[PDB]
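Taking the form deposited in one PDB entry, here's one chain by itself in structure tokens.
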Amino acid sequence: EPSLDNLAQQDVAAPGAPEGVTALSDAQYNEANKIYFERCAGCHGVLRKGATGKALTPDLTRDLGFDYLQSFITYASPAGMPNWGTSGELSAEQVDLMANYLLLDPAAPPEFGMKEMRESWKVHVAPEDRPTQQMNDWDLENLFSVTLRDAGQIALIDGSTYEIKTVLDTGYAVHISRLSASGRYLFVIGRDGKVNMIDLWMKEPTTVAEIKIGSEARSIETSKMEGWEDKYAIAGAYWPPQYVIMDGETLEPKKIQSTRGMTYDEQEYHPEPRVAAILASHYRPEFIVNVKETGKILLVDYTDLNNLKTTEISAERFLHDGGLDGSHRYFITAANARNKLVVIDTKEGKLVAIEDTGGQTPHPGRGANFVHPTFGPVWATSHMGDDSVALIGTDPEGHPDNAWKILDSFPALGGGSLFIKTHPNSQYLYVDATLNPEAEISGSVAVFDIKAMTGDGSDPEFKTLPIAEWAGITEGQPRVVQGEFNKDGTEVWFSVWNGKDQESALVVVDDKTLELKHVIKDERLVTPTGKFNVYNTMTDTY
């Protein structure tokens, strides 16, 4: 569940206390408010309307009373509520503050529309003043854009020499980097809703435009339909619940759409549907937008923004991440809280199937496409809740009997996995275990030989790569996360994510031998997490 710390840093005036409630001073309220958005709003919602956790609105809390709230916040619950008090995570004083805060009127966060976006919109280098051709001698397609999380920066690293070409400041922790279809523009989205556009053709690449699109955001994508290269970029926010279509060269906000609506199943109004993953169709000039809480997938046609055509597909609640199959026609996405994979046909714009993975909390990232020796084309995902890896058939025409069925499920290193990865030129399938409590596991990666798979019910064995050990890092609990290949698919990189004041690293593995190749360590390499190779990102190769 998300931490909405940028919303937390918002200062609000303390509301008055109604009948039977004690009032908090502006200082007490604000202290409690920051805690709420940083630690509770992810599960309970910004508006306290509920998401993973129950609703905590005044009408409900005032009936429960101070003592009930105080105890629950203190001791937690087995159902999922954390023991803030007994764990020592929150002081006795803060627990009381939270209990009081919950009895008061919810702080209504501000909206953020066109006026607000335009005020934050800054074009540093006008399109006219930009290069007409690449002015640096870098191999752009083999460049890696790495998130230096806590430092609010990104590093551009050379894919063949491993030289850190440049470290750029964005102002706040970014979540991901995405590339325009031409590979010229790099877009980074900050957790604070800040979008930075970087021109990779300049002698010294730098931000040529920036804009804010909300208070909390995690996703962005570029137009990838042939004929629409560099035309648009779209960003989605957690708060306010909306997505925004922007000009692909200036970041000028063109269209803002609210995601507030009815849940697909119960058809009950939901005031806070967060935008999760956003992908771009290769079959139609459309963006694919996941709306989490309502369980809807939107196919947004960008050929006409005034007479806007959209297809709202009823899927499954708690949609998060996902990716396209090998042919780029089908979108496969995880409804994580419900252990389901939803398959969408982007050519026809319809729901194809919804399958239970048999695992707990699938989290594929964009997933991994490969041709299984016996099953044919499949897409794979690992899970956060357990050690299982599941395969789903993705070839309706060639292997009709295997299409959209979970063909196999087998264990990898352990629970806490976040990313699975492969490349068309590789015969290996890499699976991490980032969130595993055991250091030996979270610092390692499991590797399966695809060519050795038989799908005869037996569990395929895997090799364990001690990534953290190879990096020479033992201080703190380094967590290895996300494999990402170079342009050729001959080398795969992993982040050895350590604390802000600890030593981190990036480990390059030779895909053909599964041996350590190179370790990147540098003082500026603070909390490296997501890494994105320009070529693989712009072409959706995974």
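In this text, the rigid core denotes the largest set of C-alpha atoms whose superposition between the two forms falls within 1.5 Å. From 1 onward, residues are counted along the sequence shown.
Look up the CA B-factors in the entry and say which stretch, 202 to 210 or 254 to 262, has the higher mean. According to the PDB entry, the answer is 202 to 210.
Going by the average Cα B-factor in the PDB entry, point out whether 504 to 512 or 58 to 66 comes out higher. So the stretch with the higher mean C-alpha B-factor is 58 to 66.
Per the PDB entry, maximal CA B factor within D356, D456, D325, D395: In this record, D456 carries the highest C-alpha B-factor of the candidates.
Tell me which of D247, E163, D321, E440 tops the list for C-alpha B factor in the record. Of the candidates given, the C-alpha B-factor peaks at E440.
Could you place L24 in the lowest, middle or highest third of its chain by Cα temperature factor, using the values in the record? CA B-factor rank for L24: highest third.
CA B-factor placement of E491, once the chain's modelled residues are sorted into thirds: Within its chain, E491 is a lowest-third residue by C-alpha B-factor, going by the deposited values.
Determine, from the deposited record, the chain-internal third of the Cα B-factor for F448: lowest, middle or highest. Middle third.
Which third, lowest, middle or highest, does the C-alpha temperature factor of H282 belong to within its own chain? Lowest third of the chain for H282's C-alpha B-factor.
Quick check on the deposited entry: does the C-alpha B-factor of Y75 sit in the lowest, middle or highest third of its chain? Highest third - that is where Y75 ends up once the chain's C-alpha B-factors are sorted.
Keep in mind that the form deposited in another entry is missing from the display, and what follows is about it.
Among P437, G227, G88, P400, whose C-alpha is off by 2 Å or more between this form and the one not shown on a rigid-core fit? If I go through the list carefully, the shifting residue is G88.
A79: Cα shift of 2 Å or greater between this form and the one not shown (core-aligned): True for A79: a C-alpha shift of 2 Å or more.
With a shift of at least 3 angstroms, figure out whether the C-alpha spacing between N436 and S77 grows or shrinks in that other deposited form: closer or farther? Pair moves closer in that other deposited form.
Just say closer or farther for the C-alpha distance from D96 to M81 in that other deposited form, relative to the shown form; it changes by 3 Å or more. Relative to the shown form, the pair is farther apart.
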